[PDB]
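Student: Need the 3D shape of this:
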Amino acid sequence: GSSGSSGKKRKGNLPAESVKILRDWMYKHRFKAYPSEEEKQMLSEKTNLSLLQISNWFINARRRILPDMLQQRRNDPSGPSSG
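Tutor: Numbering: from 1, shown residues only. Pasting the structure now:
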């Protein structure tokens, strides 16, 4: 037996209650903070978001959350472009 669903909508950030689902995972995997088509699709079921939103959130989230949980002070200023 096989089946599926669809949904197209537009919304800003995600609701904490929902984020928790993503974060909780981003923590254990904080190492890379990059889920797989499977991981995302899985969480999207609990958060009720769209694969697009999932990864999208991780992007900016990995700039405030990842660094907030991992707290890895790399201190490596990527050289400029000068162009």
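
Student: Can you tell me the SS state at the residue minimising distance to the centre of the chain?
Tutor: Centroid-nearest residue in the chain, with C-alpha atoms, centre = their mean: residue 58, separated by 2.4 Å. Judged by DSSP: H, G, I helix; E, B strand; the rest coil, the three-state class of residue 58 is helix.

Student: what does residue 14 give?
Tutor: Here residue 14 is recorded as coil under three-state DSSP.

Student: since we're on it, how many residues are nearby?
Tutor: Other residues lying near residue 14 total 20 when counted by other C-beta atoms under 10 Å. C-betas here are computed from N, CA, C, even on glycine.

Student: do the same with residue 39
Tutor: When neighbours are counted by other C-beta under 10 Å, residue 39 comes out with 15.

Student: what residues are up against it?
Tutor: Residue 39 makes contact with 25, 29, according to C-beta atoms under 8 Å, 6 or more residues apart in numbering.

Student: And the contacts of whatever helix or strand residue 68 lives in?
Tutor: Using DSSP states H and E, residue 68 falls within helix 66-69. The contact list for helix 66-69 (C-beta under 8 Å, 6+ apart) reads 23, 26-27, 30, 33.
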